[PDB]
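Two versions of one and the same chain are coming, encoded as structure tokens; call them structure 1 and structure 2.
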Structure 1
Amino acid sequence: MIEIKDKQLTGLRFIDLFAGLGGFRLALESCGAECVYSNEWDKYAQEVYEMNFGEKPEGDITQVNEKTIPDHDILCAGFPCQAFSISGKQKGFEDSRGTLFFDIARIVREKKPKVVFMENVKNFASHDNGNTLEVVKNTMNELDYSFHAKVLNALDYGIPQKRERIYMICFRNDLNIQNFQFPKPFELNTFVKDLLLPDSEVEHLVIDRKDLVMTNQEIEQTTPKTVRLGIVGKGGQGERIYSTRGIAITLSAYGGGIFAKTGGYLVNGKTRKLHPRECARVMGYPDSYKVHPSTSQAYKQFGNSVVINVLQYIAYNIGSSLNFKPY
């Protein structure tokens, strides 16, 4: 993460829904806000959250009464995506996991916070010919909010990863906010090779298979794009190998292949997948965050997560607007 000297959100309160590792909390806390409620149902995720922040998040949101939730200023939610991703089937609103937005809508109707900050995958902006995005937009206008949405790629904000996502921000109409804007892009000066750990700390992650079909040469100069070097098996998901001189591919939660959930990379002559700490780093987490002791569950958590740096520049821009109240 980045350091913030000007703390634009000092007296505001917010809630962490679909908490996961607490990516939204780290970001909003560095700007000065305070957390008064958190929710998440996975046994193991609750263990890490507690290890780092000190509290246990409430369970299943579908059976919690919206009237018991504390008063607050900003609502945060990175809702589920299996039903909208380009890698899965595409059932959408007909999916048992695709109805979560309506619970946000339900909680929003009672507490009426000032800001709503949500995140989901790129294909959500294009799913069902745009009907899904419109249902979200119109439901939001009906509740008396304005709707701003956009797709930002992480390689444009300082992190070496090709993770594309849609961020949605909405302000209550009494406020009359007319100057909100998404952060501007800038040049990348850090690459995958600058986040890696020493060779000794790994060894056990190396893979020597006899399918290595080198199909390109190692490049000699850095570049902000994924550069493919070879294939294993049939070159399907998890059997593709990349150069440590470009950027990482999107980390995932339920992925497969011999180089599962992280992909494979050519390092000092050998091919291997990434370590949980290198996963923390390509996602913007600080070395002081404690990861779960089960490596298998650690990989699933970083893959469902959110990149801190981008949430930080966006949050700062929410506060600037709330603070511009001239006579």
Structure 2
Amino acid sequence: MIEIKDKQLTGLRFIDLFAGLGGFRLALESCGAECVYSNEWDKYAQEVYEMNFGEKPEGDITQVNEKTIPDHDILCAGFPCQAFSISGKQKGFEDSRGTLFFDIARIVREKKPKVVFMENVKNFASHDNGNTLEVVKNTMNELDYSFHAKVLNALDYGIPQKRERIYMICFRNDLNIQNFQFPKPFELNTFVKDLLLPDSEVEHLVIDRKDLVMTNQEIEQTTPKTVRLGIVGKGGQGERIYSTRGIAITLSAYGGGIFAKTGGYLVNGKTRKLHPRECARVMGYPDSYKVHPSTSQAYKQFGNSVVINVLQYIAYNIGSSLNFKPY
């Protein structure tokens, strides 16, 4: 989490949908915006949320009437990707029913926020030979919004982890915003080796194996790439060893293998899995954030979340365009 100097969104209100851990909340709250509504149905997630923020997000969203959602200026939603059963009139609003995205849209159509802010996985722009994107695009256009989207990788914004995701930023057409742009990349200076806790606190994550094979020499200088040092078992998902002097591999919420959701790292002669705290850090989160007591849920929650840093940079640029209005 990089801390922002110029608080561009002071005064502007927002809502937290599919809140999860509340990554969007931390990101916009660092730019001065204030939260007025939160929604998330996962029991284990609402718990870690009220632990930090003090409120229990509201329950199941498809049961919430849109006329009961507070006036707000920005709508945040890191929603789950689903295929659409669209054999209808080209693309559009109605062709959304049955999806979770539909809930976003039904809320936009009635509350008209100035901006709509979303994110999804890297292979979203190509899902179903192009028609998943198309639909989200044509639905926004119908509700009278501009549509900007680009794929960014977290190793380009100060976080050492390979991780491409798609960010979508929409502005109502009546605000006439034709100068917005995505953040520029910068050289990386923090590496996995810098995020580790002292060995004492991670002994119980060490995993010994006799079928361990070292394919490469250990790296001496830091690099902005993932460096594979060995294999365990067959050499597939969850059975690869990476260097602590390169970048961390993509955290996953539901991966398998011996080194399950975090991958395995060579740290001081032994091979271990990352701890939840070294996980928060690789996602951008700050040490003041109280993590969930169960290591299993925490790996799920973190692999599903957002890289804080990248969101902060875009939140700043949003405030920018909105705040530039000369005579």
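Quick note, the numbers are simply positions in structure 1, starting from 1. Superpose the two forms; the largest set of C-alphas matching within 1.5 Å is the rigid core. Only residues modelled in both forms are compared.
Between the two displayed forms of this chain, it is structure 2 that matches the form solved without the DNA. Comparing C-alpha positions between structure 1 and structure 2 after a rigid core fit, one residue in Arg172, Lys91, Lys111, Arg209 moves 2 angstroms or more. It is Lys91. With the core held fixed between structure 1 and structure 2, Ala125 has its Cα displaced by under 2 Å. Once you line up the core between structure 1 and structure 2, the Cα of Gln82 ends up 2 Å or more from where it was. Here the two forms are laid over each other by their core, and the C-alpha of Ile69 is off by 0.5 Å between structure 1 and structure 2. CA movement of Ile219 between structure 1 and structure 2 equals 1.3 Å, with the two forms superposed on the rigid core.
Once the two forms are aligned on their core, only one segment of at least three consecutive shared residues with Cα displacements of 2 Å or more between structure 1 and structure 2 appears, at 81 to 98.
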